[PDB]
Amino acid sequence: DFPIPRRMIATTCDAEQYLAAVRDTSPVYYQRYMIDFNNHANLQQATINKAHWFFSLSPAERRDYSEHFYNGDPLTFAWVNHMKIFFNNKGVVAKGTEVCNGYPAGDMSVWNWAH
């Protein structure tokens, strides 16, 4: 479960299905991530790309990335918590991964949030 939770290694969802699931099941964590995201306008495209990349990986690739690559990435150097909503809280991850497969694939509105 360190550093990438097992449920994220295993999920068949895309990034936007997972975010929509978190938006509904852990609203405060969604919003806190989106405030952080909105504080890094510069890094939004890179972050979305990285999310897309990770969700395109197979479980074995994610496990390989988890144990031999993640940590030291450019995006970490620039914004430590760029993937926090995906990797940080096992409870958030568990609730999101439970129901994300029901949500619309590729719905990019989940990356657009304001107060």
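Numbers for residues come from their place in the sequence shown, where the first is 1.
(request) May I ask you to compare 78-86 and 52-60 by their mean CA B factor in the entry and name the higher one? (result) Comparing 78-86 with 52-60, the higher average CA B-factor belongs to 52-60.
(message) Using only C-alpha atoms and the B-factors in the entry, which stretch averages higher, 29-37 or 62-70?
(response) Mean B over CA atoms: larger for 62-70.
(request) Could you look up the Cα B-factor of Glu98 in the entry and say which third of the chain it sits in: lowest, middle or highest? (result) CA B-factor rank for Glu98: highest third.
(message) Ranking the modelled residues of this chain by C-alpha B-factor as given in the entry, is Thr47 in the lowest, middle or highest third?
(response) Lowest third of the chain for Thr47's C-alpha B-factor.
(request) Check where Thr11 lands among this chain's C-alpha B-factors and tell me if it's the lowest, middle or highest third. (result) As the PDB entry reports it, the C-alpha B-factor of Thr11 lands in the highest third of its chain.
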